[PDB]
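Single chain ahead, by itself, as structure tokens, in the form deposited in one PDB entry.
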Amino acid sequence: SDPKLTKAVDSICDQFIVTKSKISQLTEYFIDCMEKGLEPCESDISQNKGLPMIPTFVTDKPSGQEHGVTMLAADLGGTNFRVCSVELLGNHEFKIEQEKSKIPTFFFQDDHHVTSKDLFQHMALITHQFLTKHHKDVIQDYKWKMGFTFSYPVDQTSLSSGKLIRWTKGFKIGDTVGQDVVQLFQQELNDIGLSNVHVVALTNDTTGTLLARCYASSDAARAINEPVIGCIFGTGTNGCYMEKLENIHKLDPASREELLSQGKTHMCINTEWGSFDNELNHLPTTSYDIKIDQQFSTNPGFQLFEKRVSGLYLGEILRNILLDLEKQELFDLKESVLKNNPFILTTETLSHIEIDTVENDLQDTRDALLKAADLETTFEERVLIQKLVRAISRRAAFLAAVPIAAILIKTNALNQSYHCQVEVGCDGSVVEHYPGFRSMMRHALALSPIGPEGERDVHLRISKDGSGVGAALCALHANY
């Protein structure tokens, strides 16, 4: 109906394309950043230019035959906080009781002064609520062991210790930076009578996701399919992998020898790849990415890879595209509430647009936009909104493949025995529930330097409740 608008949208969509040359470039560059990040660096190198590459101090992959009594797990994500009790029954089977709760909006508002006690006191109260609901008879009696999944960068110094490096994903609470999050959590657990709950392990949600797969993958699967990566595509994005103790040079040269003599070969590395190429030397970037990064984001100049991929930021990318189109007097935003409401459009809104069909006049897209920001749309307007949404997601799914391809290349995980496949454990609302996201990740992997023959040997498998199960596996190992 409006040709100038229809051509303006086509032009904005081309800005989101990721070519095979870009995939190859970013794959090779990612490995260079992995190698820079695997070396020791100062507390603050103005330009380290290497990935975080955080040693998680996990050296043993689960077998699936692990067995124990019910453990506890606490997972602080980017959106929800989960508590659960996991009983590992061996033979690749387990029992789980879990309660999930949203992180109250109070914690993401800078209008009020929020502190670390507010946060962990809330987490401890939920821990108590969970035990009162699922273990009412033995809440204050048992000596619970708890694995703590903290989905944020931690300067991990042991399996049970580590200081928060910097918040990400809308969290901003100053007095937590530099604090050992295990003690912070343990402190508020003691102050409500749950001193009998010992937080014996700290892990990232990437690490836990990987550990979960190693346990649940059937012996028949572990035979040919070995899980090699645990990654997340939800509110934020990140992934881990196993690195030879020799290549982890930033690890104490003494500790490496001590671990090696004990029969250990690798240690899990938390790449923290949401920070990948924070200097934007190569990452695809639009004017809307800069605006989100600099103005609306709580961590400007950080997590730039994340800000193009994870579900916390994609819906916001659409909102800025629409406002810019209204600024240019091309798209009528009517009485919508997009203006002056950052992040009002969530990725959950786009998921209803991604696969909406024109055979129903894109009625889901209409309802989703009215429900999310009281925005009315014509059919031609929804058609164009869908083109933008599908371009924003395709870029995210294509970028999502680069860190995976890069890791598989560096560790030569695909050059294995005959018929051997590798398994990539994925968790998060995006990879789990965004229509066609995994399908596009594979398309990118086939374009990556590993090629279609490589993509076929890679299996992106979902591990629901991954974060928590893995933490429990670490709790079973450590002592009370």
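We call the rigid core the largest set of C-alpha positions that still match within 1.5 Å between the two forms. For every residue, the number given is its place in the sequence shown, counted from 1. Shifts are known only where both forms have a C-alpha.
The form deposited in another entry is left out here; the points below concern that form.
- When the two forms are superposed on their rigid core between this form and the one not shown, the C-alpha shift of 2 Å or more among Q421, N48, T411, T59 belongs solely to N48.
- Distance between the C-alpha atoms of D155 and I45: shorter in that other deposited form than here (change of 3 Å or more).
- Note on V177 and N48: their C-alpha atoms are nearer in that other deposited form, a change of at least 3 Å from this conformation.
- Superposition on the rigid core leaves 42-50 as the sole run of at least three consecutive shared residues whose Cα positions differ by 2 Å or more between this form and the one not shown.
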